[PDB]
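Subsequent text provides structure tokens for two forms of one protein chain, presented individually as structure 1 and structure 2.
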Structure 1
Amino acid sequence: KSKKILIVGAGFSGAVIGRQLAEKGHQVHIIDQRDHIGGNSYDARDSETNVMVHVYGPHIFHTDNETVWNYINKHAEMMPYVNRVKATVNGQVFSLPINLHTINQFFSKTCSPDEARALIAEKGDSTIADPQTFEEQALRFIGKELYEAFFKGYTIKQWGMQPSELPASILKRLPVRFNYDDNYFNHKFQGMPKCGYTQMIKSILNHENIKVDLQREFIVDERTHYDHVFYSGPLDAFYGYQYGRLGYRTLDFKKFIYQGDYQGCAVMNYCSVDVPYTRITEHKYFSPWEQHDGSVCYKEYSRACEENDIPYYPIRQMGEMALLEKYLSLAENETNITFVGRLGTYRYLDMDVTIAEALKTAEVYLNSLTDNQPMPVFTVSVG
């Protein structure tokens, strides 16, 4: 039987789930409260300069998942692109992530890889058995000088808290490299779609069994016209924010135009706490295969997400997790709905992770029709 499907959101989560089910003969209705598709991945051109702007932040595709990589290659031309971030601090410009060039520049040395290991080991504090905090992880592995130059001020700005109050996991992620490789990402596949993510998602949305209505909020009365709802809007918003709002950081993007090359790279971090923006992005450098004389730039400022701001990074401390638990207990009592995505599950997700989870979630719904069982509320562990 051709099931009737409501999908709330036309970002990756919605577009991908809706595409898998269209292909199996289901009638998919995809709604979005915005006047364009794409969700947080939306990009669009600026009038004046013709620069393709990544409107909700630089969106660099990177994955080790060849399945996901092949999927997006059916819907776009993926161009090579290697993210190479610079950082301004202490009247100097550095290479990130921390590598052999950064170390040799910062400490004015000409160390080989093995000499740099010994130098950083000496600066590190190996008397810390298991770093719990962001500060401890930095003091254990990179030492005070590097910590205070590149990490402390940036991290206070980004998070609104002292690094002694943030988890070690945040920094556990970042490569301390003892060679001259300055690719920001380790993933095997990496790039940017030639015509942008909007066009890519438009291709994913281009199927006979998909209708997309824009400028249309979800209304709780609708659910009864559909056999199943996939919801990628905020979990707390779905329940009227009745227990309070899940905490997020948000960003203000302050747009400006320059006639020429404003900074000469896509991403420049400002690691000093005394520079009020976290970074400056110059969007034309995300599309290096194009030429543009004019340039759209963003200064980016991090702040607590208030009622009307777009939620970007989930805070996910005990408070926020306690709040999350209360929304979970209502969710578990639902039937015929599945909460997905960054907003539906209160998790930061990369594009390729979002895509993989959407493929899985469609798969689960297909298998559950074939097994005449019930579709669960979450297809991923969130507790």
Structure 2
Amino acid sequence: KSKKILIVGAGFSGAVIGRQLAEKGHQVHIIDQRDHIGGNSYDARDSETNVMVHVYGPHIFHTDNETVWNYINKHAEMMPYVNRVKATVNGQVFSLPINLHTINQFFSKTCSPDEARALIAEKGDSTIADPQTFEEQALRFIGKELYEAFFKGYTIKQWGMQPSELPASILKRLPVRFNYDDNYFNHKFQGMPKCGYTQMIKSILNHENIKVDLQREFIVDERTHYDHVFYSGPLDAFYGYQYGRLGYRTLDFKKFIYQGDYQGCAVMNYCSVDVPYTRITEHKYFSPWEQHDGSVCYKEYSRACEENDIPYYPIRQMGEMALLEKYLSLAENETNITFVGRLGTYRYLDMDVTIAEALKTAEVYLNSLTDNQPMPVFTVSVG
């Protein structure tokens, strides 16, 4: 028996769930308030340069979950690509994340791995036993100079607060790699969709039982035309923000076009507070199998997220976490609806994780129909 399903959101959560159920004969109506599919994964070609631009910022696919990998490889050709971030600070260019080259270069040393462990352990401020603040967990770990060169200015720009004002919980691990691997990611699978995420998600969306409507807001009154609703909009918004708006950072992108090769890599972080942007991305560097004479770039600014802005990074400190609980209690008393996604559950989720969660959510729903059981409102842990 074919169910009627409303899915709010045409990003990965909406699409993957939609496709899983379309394949099992359900009638899937997917809507999105924006004027294009893809959610925050959307890319598109700038007309003047033909560069495939990541519209909502750099989106690097990476995963250790082969099921997910095989799954996207059904909808795109993945090109190999490894993210290699550079950072400009103190009149030098370094590689990130902090590795043996960063350390040698920064200190003008010629350390082996072990020698560099020793060198970092001397630099570490153990003149403080129970580090409380982010400022003091870094200072314990990597010492004043590195903390001040690579962390303090960046954190302030990205989070809008002094690392003294932030908790030690943020930095669980000593942020140094004691080898020369400068790949940003450790995952088994990494790459970039040859024709981009918009095409990949378009492919996922291509089934007879899926209808997409764009420029289309969710309205609660619609709920009753459907057997089930998957909502990948913001949890707070669903409830009229009745208890207040969940905290995010937002990003502004200042686009410019450079005629040539503007910086020579995909992402150049700027660690200094006195540089008002957080980083510059040169988008053509994400498609290295293509060549373009004209380059699209983005200066990236981080701000507090306000009512008219797109939300990016969830803040998830004590106030925001207490606020989320109140919305959770509302959600748990709900009936033909499941909340999913970065926005529906107030978490930061990579693409690969989002896809894994969407496949599972579909699976649970499908099993709910056959076993005659209630569909849960959340398919992952949310507390």
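Just so we're on the same page, rigid core means the largest C-alpha set that superposes within 1.5 Å between forms. The first residue in the sequence of structure 1 is number 1, and each one after it adds one.
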Of 222, 125, 181, 293, only one moves its C-alpha by 2 angstroms or more between structures 1 and 2 once the rigid core is aligned, so tell me which. 125
Core-aligned C-alpha movement of residue 171 between structures 1 and 2, 2 Å or more: yes
Report, to one decimal in Å, how far the Cα of residue 142 moves between structures 1 and 2 once the rigid core is superposed. 1.6
Residue 284 CA shift between structures 1 and 2 in angstrom, with the core used for superposition: 0.3
